[PDB]
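Here's a solo chain for you in C-alpha cells, the form solved without its partner chain.
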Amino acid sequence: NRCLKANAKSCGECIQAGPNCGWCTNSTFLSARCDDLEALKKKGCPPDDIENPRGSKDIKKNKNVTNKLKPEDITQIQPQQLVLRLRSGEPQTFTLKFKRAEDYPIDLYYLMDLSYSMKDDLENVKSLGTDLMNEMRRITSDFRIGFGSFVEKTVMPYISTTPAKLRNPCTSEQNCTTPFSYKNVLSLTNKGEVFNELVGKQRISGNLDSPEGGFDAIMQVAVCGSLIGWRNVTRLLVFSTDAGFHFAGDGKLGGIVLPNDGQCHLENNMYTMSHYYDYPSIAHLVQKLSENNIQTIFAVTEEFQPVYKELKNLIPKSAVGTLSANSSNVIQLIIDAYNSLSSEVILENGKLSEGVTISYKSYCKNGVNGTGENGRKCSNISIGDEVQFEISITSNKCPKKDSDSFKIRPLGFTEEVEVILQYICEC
C-alpha cells in the first residue's frame, strides 16, 4: 500500500497521504507506524494507539422549507449553512432539500425589437400590458411588468449616416423615428394600463444590416438593477425579435474595439455608450444573466428558431418560443416558457480552491435520479414538490491551513447554501 511507501516521518505527514492510513503511537511496534487501518491491527497496534483523525459534517443553519408571506420570508432551500471538516482524499456528503414555493411574485421585463421589420408587431402589442396582467393573475398574486426597446448601434456601417437617413432611416412616406441603441420605456410596475399607455406611444425605427443590437440592451437590463426595478423574485426577460443578433467582434467594423464592460450606462433611460463599447459576447451575457438571476424568454420568429435554439443551450435558465406573424401568440408563449423555466431547478457553486472537487447527485420525482452534470438539475417540479441533492466534496491537497467558504444556490434565486470547509492537516 501507499501508507508505508509514503515514508511518514511524523503523525502529520501520514494524514495528508491517504485517507485509509493510521498512525501508531505505542512504541511497542517492533515510518512503518504509518500503515492501513487494518494493516496496523494485524501487526499488533492497540486501537487506543492508532491515531486516525476523521472528517465531519455540522449543520449550522437549517430553516425548514415553507408550508401571506413576503418573498424573503419564504424558504425554498435547506440547510442554509453547514461546516465540513475535510480529511485529504475523504469525501464529505450532505443532503440539500429544495422545495418550489406555492406562490412567488414575478417581474417580467418586455424587451422588444423596434427595427422596421417589427413594424406590424408593435401595433398588436398595444394591449399586451393589461392582457398579460390578466393571465398572470391566475399564476401569481403579485405581478409587475416593464417595457424596453432596442434597435442597433448608432454608428456606421450599422446605420446610414446621411443627414436625411439619420432623421428618418426609412423611405419618404414611412415616418420612422431616428435609430437608437436601447430605451427603458417603462420600469417594472403593477399598473398594466400604464404599459398600454406608453407602449402605444412608441414609434417604430429602422437601420441597415439585418442582425440587430439587442445584446447591448439585454446587458443593460441585466445589470441596471434599481433603474429597471427588479425585485428579489422571479425575474423574467422576454426578448422579442425577428432577426439574428450582433455579438462581440462585430463592433470592429465600426472601429469599436473596447469589450463590453458589463456596467450600467443609462442616462435619461437611454443607453449612451453604444458607440464606445462593443456588443457583449454570449459568455459575458451568461455571466451577467446568471449573476443577476435573469431568466430569458426568447420570443423569436419561425425562421430564426435554429439560431436561438442554440443560444438557449448556451444560456442557463432560458427558453425559446416561436413568435407568430405579429406577436399575436406572445402571451401563451410567455406562459409556456414560465411553466417550463419554473418547473426546473439548476444548482451552481462558486469557485473552489485547487485540490478541492465537488460532485452532485440529484433525486427527482418518479425516481428520476441524475448523476454527473445532470446531478445539478431536476425537472418536472410542480408547485409544492420537493426534490433532494446529495453533494460530495473532496480535498486532495492541503489547501491553506485557513478555512474556505463557498455558496451553492439554484439559478434565478437569492437563496443559497453557505458551505464552510476546514482542512485536517494535523493530529
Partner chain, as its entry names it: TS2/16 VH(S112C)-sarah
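Numbering follows the first chain given and starts at 1.
In the deposited entry, the stretch joining residue 30 to residue 31 is interrupted by 4 to 9 residues of the deposited sequence lacking coordinates. The entry shows a gap from residue 67 to residue 68, with 4 to 9 unmodelled residues of the deposited sequence in between. Judged by mean Cα B factor in the deposited record, 79 to 87 ranks above the other of 79 to 87 and 256 to 264. In this crystal structure, the stretch out of 219 to 227 and 95 to 103 whose C-alpha atoms carry the higher mean B factor is 95 to 103.
When the C-alpha B factors of 242, 72, 291, 278 are read from the deposited coordinates, the top value falls at 72. When the C-alpha B-factors of 273, 108, 170, 335 are ranked from the entry, the top spot goes to 170. Per the deposited record, the Cα B-factor of residue 352 falls in the highest third when ranked against the other modelled residues of its chain. Ranked against the other modelled residues of its chain, the C-alpha B-factor of residue 128 as given in the entry falls in the middle third. In the deposited entry, the Cα temperature factor of residue 303 sits in the top third of values across the chain's modelled residues. Among the modelled residues of the chain, residue 343 sits in the middle third by CA temperature factor in this PDB entry.
In the PDB entry, a CA B factor belonging to the middle third of its chain's modelled residues is recorded for residue 193.
A second form of this protein, the form deposited with its partner chain bound, is not displayed here; the remarks below concern that form.
Partner proximity in the deposited bound form, defined as non-hydrogen atoms within 4.5 angstroms of its partner chain, places exactly one of 89 to 97, 321 to 329, 76 to 84, 194 to 202 at the interface: 194 to 202. With a 4.5 Å cutoff on heavy atoms, residue 269 counts as touching its partner chain in the deposited bound form. The closest non-hydrogen atom of residue 185 lies within 4.5 Å of its partner chain in the deposited bound form.
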